[PDB]
Amino acid sequence: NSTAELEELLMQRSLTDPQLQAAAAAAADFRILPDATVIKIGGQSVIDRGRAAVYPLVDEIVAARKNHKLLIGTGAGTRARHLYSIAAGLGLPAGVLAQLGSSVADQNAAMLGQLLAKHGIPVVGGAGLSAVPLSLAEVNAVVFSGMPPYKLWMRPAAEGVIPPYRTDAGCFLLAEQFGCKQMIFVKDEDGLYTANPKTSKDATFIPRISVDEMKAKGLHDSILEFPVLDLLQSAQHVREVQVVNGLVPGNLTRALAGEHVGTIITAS
Amino acid sequence: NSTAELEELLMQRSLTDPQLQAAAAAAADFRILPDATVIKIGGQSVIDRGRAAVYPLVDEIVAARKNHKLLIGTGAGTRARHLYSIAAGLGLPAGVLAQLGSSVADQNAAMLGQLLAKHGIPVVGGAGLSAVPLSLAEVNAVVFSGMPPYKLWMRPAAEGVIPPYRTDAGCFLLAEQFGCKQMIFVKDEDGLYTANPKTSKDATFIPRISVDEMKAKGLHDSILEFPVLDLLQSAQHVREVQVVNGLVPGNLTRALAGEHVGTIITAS
Amino acid sequence: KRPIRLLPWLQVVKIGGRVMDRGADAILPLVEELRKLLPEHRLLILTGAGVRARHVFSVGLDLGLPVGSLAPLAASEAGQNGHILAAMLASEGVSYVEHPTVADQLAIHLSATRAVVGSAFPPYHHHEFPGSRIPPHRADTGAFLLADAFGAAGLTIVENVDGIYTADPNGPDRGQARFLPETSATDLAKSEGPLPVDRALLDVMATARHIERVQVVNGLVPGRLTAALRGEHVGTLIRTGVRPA
Amino acid sequence: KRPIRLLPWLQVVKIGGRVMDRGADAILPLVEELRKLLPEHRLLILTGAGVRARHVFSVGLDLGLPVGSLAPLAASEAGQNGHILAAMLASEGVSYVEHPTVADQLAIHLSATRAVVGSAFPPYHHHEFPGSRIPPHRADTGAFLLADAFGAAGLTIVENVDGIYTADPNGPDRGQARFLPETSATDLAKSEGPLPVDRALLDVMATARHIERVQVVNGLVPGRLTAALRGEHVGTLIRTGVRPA
Amino acid sequence: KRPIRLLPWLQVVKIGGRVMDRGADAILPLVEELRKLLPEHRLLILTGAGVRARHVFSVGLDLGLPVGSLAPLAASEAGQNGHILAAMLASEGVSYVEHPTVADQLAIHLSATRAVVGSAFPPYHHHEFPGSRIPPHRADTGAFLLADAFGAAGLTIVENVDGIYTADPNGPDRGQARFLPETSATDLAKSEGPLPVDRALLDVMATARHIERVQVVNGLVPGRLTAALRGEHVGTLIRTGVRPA
Amino acid sequence: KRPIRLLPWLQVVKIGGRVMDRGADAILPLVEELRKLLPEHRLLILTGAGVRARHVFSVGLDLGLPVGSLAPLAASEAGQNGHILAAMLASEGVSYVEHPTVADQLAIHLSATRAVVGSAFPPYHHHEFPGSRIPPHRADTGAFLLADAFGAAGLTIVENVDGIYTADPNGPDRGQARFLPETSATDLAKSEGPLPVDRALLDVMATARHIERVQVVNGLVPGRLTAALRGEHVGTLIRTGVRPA
Ligand SMILES: Nc1ncnc2c1ncn2[C@@H]1O[C@H](COP(=O)(O)OP(=O)(O)OP(=O)(O)O)[C@@H](O)[C@H]1O
Ligand SMILES: Nc1ncnc2c1ncn2[C@@H]1O[C@H](COP(=O)(O)OP(=O)(O)OP(=O)(O)O)[C@@H](O)[C@H]1O
Ligand SMILES: Nc1ncnc2c1ncn2[C@@H]1O[C@H](COP(=O)(O)OP(=O)(O)OP(=O)(O)O)[C@@H](O)[C@H]1O
Ligand SMILES: Nc1ncnc2c1ncn2[C@@H]1O[C@H](COP(=O)(O)OP(=O)(O)OP(=O)(O)O)[C@@H](O)[C@H]1O
Ligand SMILES: [Cl-]
Ligand SMILES: [Cl-]
Ligand SMILES: [Mg+2]
Ligand SMILES: [Mg+2]
Ligand SMILES: [Mg+2]
Ligand SMILES: [Mg+2]
């Protein structure tokens with residue numbers, strides 16, 4: 001197992017060759033932004049609710065950036081569901097719907113960014129994310145739009161044309177790519193329940209669970225849907241995520257302080 | 001008068017409906033950059049004059065950014081008048097002339113920005129203005145090109161093809177949009193006079209005047225032309241502007257300190 | 001004299017966002033009618049925003065945002081309608097193009113293909129005018145500014161109603177609303193009450209240099225757009241007060 | 001029902017990066033064959049990456065970089081192959097176009113000219129999936145996602161070998177490698193061992209909505225691409241498991 | 001051997017900024033002549049900068065700015081002349097395209113339409129060469145680099161004078177200025193004194209691979225551009241010192 | 001060596017006269033399928049004669065007329081079917097062209113428009129061969145002679161049956177008729193019994209220089225012509241016994 005042996009396989013075999021795959025897996029592992037936390041602010045669960053949900057979270061973001069480095073991604077929400085409904089009724093494929101959804105997450109990032117601008121926190125994007133390093137170094141936070149960039153190359157789900165990789169997946173993959181220390185999803189329920197809590201009671205709260213236990217329990221729908229949970233099981237750097245209720249004052253602050261509010265979902 | 005009542009009108013009526021218009025007017029009013037000042041550096045009145053005008057103002061900008069947050073926009077000036085003359089003689093419409101003028105204001109912003117670069121002050125632009133928050137937070141100043149982005153969608157004047165909304169209007173509208181605390185136009189005369197001072201004397205200096213008084217006095221031409229003065233009467237956040245002579249050493253510094261140099265023009 | 005016409009052979013068609021909001025039931029017939037118009041006219045098809053812009057206004061106003069924040073948020077929804085409509089016409093060689101491309105390279109794109117789709121909102125961005133908390137320069141206004149700047153042969157506004165009435169025919173006073181086959185922009189600008197077109201449209205018609213009339217027609221009735229593009233009177237004519245050369 | 005086809009008349013052709021790596025000896029005959037195909041088909045020609053992506057993987061892995069860093073670095077090399085191939089076809093009106101343009105304005109570009117060249121890699125950028133240190137969604141995978149999303153008439157994969165064999169015909173076990181004239185993606189996905197196509201290609205074939213078969217042919221033999229674009233069986237057919245409508 | 005020609009059928013025409021500076025009196029006849037050339041040639045029309053670049057040089061030099069600052073400021077003025085000229089030809093399907101588009105997608109644009117307009121300045125930006133405080137690689141130089149890189153059929157330089165003289169025919173020594181019907185770049189490069197073309201043009205002609213001659217003609221005389229594009233001798237021929245293949 | 005291909009990018013499609021005889025019920029779906037093929041292929045669409053040629057044979061034989069009299073009388077009916085089909089495609093730019101024009105100016109007509117319609121009968125007129133009282137060189141034969149002379153990319157024969165069977169599937173022995181997915185012309189020429197194609201077609205396939213296979217497909221099933229033009233196997237393949245170059 002040498003660097004010369006890896007380079008020799010990389011020149012002589014297909015990238016599909018299991019021997020090459022395994023030598024590449026022994027490569028060193030550099031974390032690009034190891035001290036940062038990725039947070040997703042929900043689109044339907046938070047930003048679509050307006051000032052009563054958003055303003056307290058802006059206050060928490062401003063207080064947090066003193067001790068914490070934050071990459072803050074936005075969900076899409078009800079305008080994307082409207083676009084998906086129109087487009088799906090026309091027979092358009094998942095790759096066309098994917099671009100429509102990104103425009104809604106971009107709107108939400110612009111609105112959140114305008115509330116944060118006087119604190120120096122910018123909105124960033126483009127295929128390079130090139131404004132992230134300097135912003136994180138100087139003001140300890142940046143806002144980005146949460147949809148992945150796949151556009152027409154979006155992988156479809158097994159059934160239907162709704163893009164399976166949306167803003168939960170987009171934020172998760174950025175945490176995984178940057179090697180961040182923590183991934184927090186900010187939604188509108190306290191965490192995972194054995195049923196979903198909006199449509200049934202004696203749903204029981206679950207403080208901690210693995211992805212395999214969620215599948216084996218048959219936990220369907222749920223506050224995080226399965227495409228992001230499968231990415232989590234494959235991840236190299238981010239091997240658990242926390243889901244918290246952003247409508248509860250101070251929940252994001254407390255999660256960033258290491259309090260176990262919400263549900264922790266582990267890859268294994 | 002509720003948030004639910006506004007949302008109900010927004011779904012059920014035309015945006016032209018006076019009842020919707022009035023409910024929207026009762027919305028809360030968020031100022032995006034309330035502690036910033038917008039300054040316009042004149043194109044024909046300052047930058048076209050070269051080093052003797054520009055270098056002292058660069059010094060004042062560098063000194064000011066210690067206590068003041070500045071958005072510094074540039075005028076266009078004599079190269080834009082040349083372009084307008086060529087294009088108008090060909091019969092081209094105001095929307096074509098508008099793009100020509102923006103290129104000249106962009107040139108002037110690049111020249112000013114190069115004199116400020118060693119102090120860390122950047123030139124910013126693009127439809128998002130996305131470099132403004134971090135720059136203002138860290139170095140307390142940014143340079144931008146003063147023409148509005150209307151391009152081919154520029155509203156024409158009642159007569160002729162010269163774009164009516166140029167760099168005075170462009171800078172003013174950014175101050176109004178960001179909710180800035182102050183708008184200062186830096187030109188080459190001490191302020192407003194009862195005649196314009198380059199072409200007649202016993203012109204009397206006017207320290208303070210409302211837009212209605214300017215119209216009623218029949219003050220025509222003038223150091224600010226009427227399209228920006230009408231925007232001022234409609235403004236929500238910036239309800240007066242100050243015009244100062246940037247050729248006088250320290251006038252910009254003194255205006256930023258609250259001294260009443262120049263002319264103050266009030267919306268009412 | 002008045003400015004020259006840049007694209008005198010162009011026909012501009014603005015599709016209301018609320019037509020798109022009806023989904024396949026309205027869009028499929030309209031796409032079929034557009035398909036049949038491609039060999040007859042050179043078309044710039046511009047989409048408005050519709051109900052999703054009302055939702056983002058609701059959120060942005062609840063957050064306190066100013067009118068220069070809300071204008072590009074609504075313009076985004078018109079862009080999405082444009083992407084949907086162009087996707088349906090892709091097999092005819094039709095694509096959506098963005099504002100910079102419409103401003104500067106429309107002539108070459110209309111040489112490449114029979115029609116292009118764009119946003120009807122103008123790129124006023126954070127430089128929208130103050131006064132109302134609702135952005136004034138919306139889809140009707142942007143489409144007319146472009147059509148008149150180009151000196152196009154016409155602008156047709158395709159709506160979910162037959163034309164202009166004396167009151168909102170879907171609103172509280174719908175019982176006394178009577179249809180107006182023809183009106184002038186100056187007469188409309190003197191009225192109070194809602195219209196199916198932006199009030200700023202009437203203002204830019206007063207300064208217009210080329211377009212003499214704009215017809216508002218019901219795009220939910222197959223054939224009306226086709227007839228309007230031939231000058232047939234099938235909705236409301238708005239006279240702009242441009243006088244012939 | 002399944003989604004509509006956006007560009008049903010389109011033919012997509014993916015050119016392997018290792019074909020380009022052979023230089024003029026392989027590229028000139030291939031350019032001559034493409035030139036003769038322009039009057040027969042409407043072509044989206046997509047290039048893969050080849051050996052330079054192996055080199056940047058070698059450097060990036062030695063530096064410890066994650067898979068979301070390596071994906072755009074490899075995609076860059078496919079873009080460079082595309083610029084080279086388009087330059088050779090410039091005199092026929094062919095240019096290279098970037099990802100945003102392929103995603104949104106392909107229809108107008110294929111109305112302007114008979115063929116365009118693009119990158120076969122998808123724009124997954126820093127959002128590539130984790131699990132392998134080698135980016136999984138590469139040139140075969142990107143080209144198939146695009147072809148199927150468009151509902152194109154076909155996708156042909158042009159390689160430096162005759163097709164798929166039971167073992168790498170240039171590798172250690174080349175002696176027992178036997179040629180497969182036809183296979184199914186599900187059968188290939190159950191095998192272990194290297195393939196001439198991305199393993200993620202088999203996964204996206206399982207969710208495909210339109211493309212029923214993909215042929216892999218040897219672009220080093222003049223005439224095979226021409227024959228494949230007419231449906232003639234001259235390499236390996238991969239059945240996707242899309243069932244006819 | 002020499003490199004291949006990318007666009008051998010292209011004709012490149014550089015329009016001097018000072019021709020544009022004369023306004024409608026010079027531009028309208030020239031636009032009419034270009035209109036009549038569109039069915040005869042495939043044209044890349046490139047504009048120079050003219051007097052406004054002198055003004056921005058005056059300001060930028062008074063501010064002390066280096067040559068890499070002044071080069072893009074002058075290039076901006078050539079871009080504005082290009083937007084003006086394209087606007088006048090919009091009704092013929094002609095648009096202005098920017099540097100990235102000229103570099104990479106010219107072939108598809110010339111398939112879409114008969115002519116495109118661009119800037120004649122090259123994108124040297126802050127990487128302009130030092131030595132003079134005046135940017136050396138200006139409009140004549142950029143247009144020749146592009147024409148020769150493309151392997152175009154010709155480059156014609158359209159000026160406000162009949163051609164090259166032995167002294168500036170508008171300057172102090174205008175009395176002893178005699179017209180040169182033909183010269184070589186090497187002979188011109190050995191002379192001192194002003195020319196109607198960039199001195200860097202002579203340097204890039206020495207390294208040229210395809211263009212054998214460039215004609216400088218008076219665009220204020222209707223018909224001379226038309227004649228030059230047919231090879232008729234109506235101004236000054238500059239031999240580049242490329243030898244035939 | 002074999003002769004060059006004159007129009008190698010052409011697809012030839014022969015429409016059986018008995019498909020046309022079914023009227024709107026068969027023709028409208030077929031016209032819709034052809035409409036969708038125009039952006040995908042360059043088509044020469046040739047019509048056969050059908051039942052009216054049987055009637056004129058009945059009259060002409062009762063009058064005693066020789067085979068050189070009956071050949072142009074049948075060819076007239078194929079021409080009329082061609083005029084009907086072209087009229088249905090006129091709005092797509094499609095016209096019928098006569099024999100002299102097909103023989104000499106097809107290339108320019110296929111540059112003007114995506115498809116043209118002609119008669120599938122050859123102009124043998126009073127020079128038809130003797131031996132049978134029924135003209136031997138009919139619509140299948142004429143279409144194949146033209147396709148092979150042009151060196152076209154294919155010839156597809158569109159019939160009112162799935163393909164060739166071992167007996168007439170509409171005739172007396174229809175019970176023992178079994179479908180033949182693939183056959184050779186030489187095998188068919190050795191059989192006795194009726195076929196859905198002219199027997200002279202088998203003879204001209206023996207002397208053919210380019211076309212290797214001809215597919216016979218059911219034009220009463222939407223989609224089969226589309227699939228056949230992509231090389232998909234959906235009817236009977238006839239191998240001609242041309243060997244690849
Ligand atoms: N006087 C009037 N006459 C006709 N319609 C009116 C009038 N007043 C209000 N309306 C309303 O205007 C509605 C159209 O709503 P709106 O005009 O905003 O939609 P749109 O034009 O499709 O949206 P967009 O402006 O984003 O394209 C009509 O359905 C009608 O109810
Ligand atoms: N089972 C197999 N059958 C055929 N070829 C195989 C097989 N396994 C490995 N290979 C190898 O795959 C090689 C192609 O390498 P690769 O497929 O990466 O090149 P490419 O497709 O040109 O590159 P890119 O994916 O960047 O376009 C063949 O030359 C062959 O040696
Ligand atoms: N030897 C010469 N022969 C001809 N003209 C000369 C000579 N020396 C100087 N000139 C001058 O060059 C002038 C052209 O100025 P210049 O060449 O810069 O304009 P331009 O080419 O239109 O500008 P740009 O280079 O921006 O396109 C002529 O009008 C003439 O006065
Ligand atoms: N062995 C066979 N297999 C298939 N069809 C056969 C066979 N023998 C006879 N037929 C008949 O041939 C018929 C087609 O008649 P014919 O082929 O003359 O029509 P057509 O090709 O439409 O006419 P035209 O030759 O004028 O275009 C079929 O409907 C079928 O009944
Ligand atoms: Cl705050
Ligand atoms: Cl300094
Ligand atoms: Mg409306
Ligand atoms: Mg491969
Ligand atoms: Mg010159
Ligand atoms: Mg038959």
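Below, each value reflects all heavy atoms present in this structure, side chains not excepted, and no hydrogens, waters or symmetry copies. By convention in this document, chain letters (A, B, ...) are assigned in the order of the sequence lines, proteins followed by strands, and residues within each chain are numbered from 1.
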Which pair of non-hydrogen atoms, one from C/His99 and one from B/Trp153, has the smallest distance, and what is that distance? O-CH2, 3.6 Å
Under-4.0 Å salt bridge between C/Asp148 and C/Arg2: no
Sort C/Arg138 into side chain, backbone, both or neither according to what part of it lies under 4.5 angstrom from a heavy atom of chain B. side chain
Side chain, backbone, both or neither: which part of B/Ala157 has a heavy atom under 4.5 Å from chain C? backbone
Please verify the inter-ring angle class for C/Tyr165 with C/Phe179; under 30° counts as parallel, over 60° as perpendicular, anything in between as tilted. perpendicular
Region of B/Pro18 in contact with chain C, defined by heavy-atom distances below 4.5 Å: side chain
Is it the backbone or the side chain of C/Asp104 that comes under 4.5 Å from a heavy atom of chain B, or both, or neither? side chain
Any side-chain donor paired with an acceptor under 3.5 Å for B/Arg79 and B/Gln107? yes
Specify the closest pair of heavy atoms between C/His137 and C/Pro122, including all atoms of both residues, with the distance to one decimal. O-CD, 3.2 Å
Using a cut-off of under 4.5 Å on heavy-atom pairs, state which of B/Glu159, B/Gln21, B/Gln19 scores highest against chain C. B/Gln21
Part of C/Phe150 within contact of chain B (heavy atom distance under 4.5 Å): side chain
Please evaluate residues B/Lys187 and B/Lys40 with respect to the criterion side chain to side chain contact (heavy atoms under 4.5 Å, CB included), reporting the C-alpha separation (whole Å), side-chain torsions for both, the decisive distance (0.1 Å), and the verdict. CA-CA 8 Å; B/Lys187 304 233 191 178; B/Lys40 187 201 146 175; 4.1 Å; yes
Under 4.5 Å to a heavy atom of chain B? For C/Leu6 that would be side chain
Between chain B and each of C/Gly142, C/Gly171, C/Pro72, count heavy-atom pairs under 4.5 Å; write down the option with the most. C/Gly142
As an exercise: rank B/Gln233, B/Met11, B/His237, B/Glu176 by heavy-atom pairs under 4.5 Å with chain C and give me the winner. B/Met11
Closest-packed option against chain B by number of heavy-atom pairs under 4.5 Å, given C/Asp198, C/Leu146, C/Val197: C/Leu146
Quick check for you: among B/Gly95, B/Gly179, B/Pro156, B/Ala169, which has the greatest number of heavy-atom pairs under 4.5 Å with chain C? B/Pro156
Region of C/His55 that comes under 4.5 Å of a non-hydrogen atom in chain B: both
Who among C/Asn170, C/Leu65, C/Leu61 has the most heavy-atom pairs with chain B under 4.5 Å? C/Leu61
Top contributor to chain C contacts, counting heavy-atom pairs under 4.5 Å, from B/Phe178, B/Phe172, B/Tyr165: B/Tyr165
Test salt bridge (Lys or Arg N to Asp or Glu O under 4.0 Å) on C/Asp168 and B/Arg13; report intermediate values, then the result. CA-CA 8 Å; C/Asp168 186 340; B/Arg13 314 283 192 85; over 6 Å; no
Could you tell me which portion of C/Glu128 (side chain, backbone, both or neither) has an atom closer than 4.5 angstrom to a non-hydrogen atom of chain B? backbone
Would you please say whether a donor-acceptor pair under 3.5 Å links the side chains of B/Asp17 and B/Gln12? no
Is B/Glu8 salt-bridged to C/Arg54, going by a charged N under 4.0 Å from an acidic O? no
Please classify the contact of B/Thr3 with chain C as side chain, backbone, both or neither, using a heavy-atom distance under 4.5 Å. side chain
Under 4.5 Å from any heavy atom of chain C - which part of B/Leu92: both
Which region of C/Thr141, side chain (C-beta onward) or backbone (N, CA, C, O), has a non-hydrogen atom less than 4.5 Å from a non-hydrogen atom of chain B, or is it both or neither? neither
Side chain / backbone / both / neither for B/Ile32 at chain C, heavy atoms under 4.5 Å: side chain
Just wondering, more than 12 heavy atoms not from C/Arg22 lying within 6.0 Å of its CZ? no
Atom group of C/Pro172 that falls short of 4.5 Å from chain B, counting heavy atoms: side chain
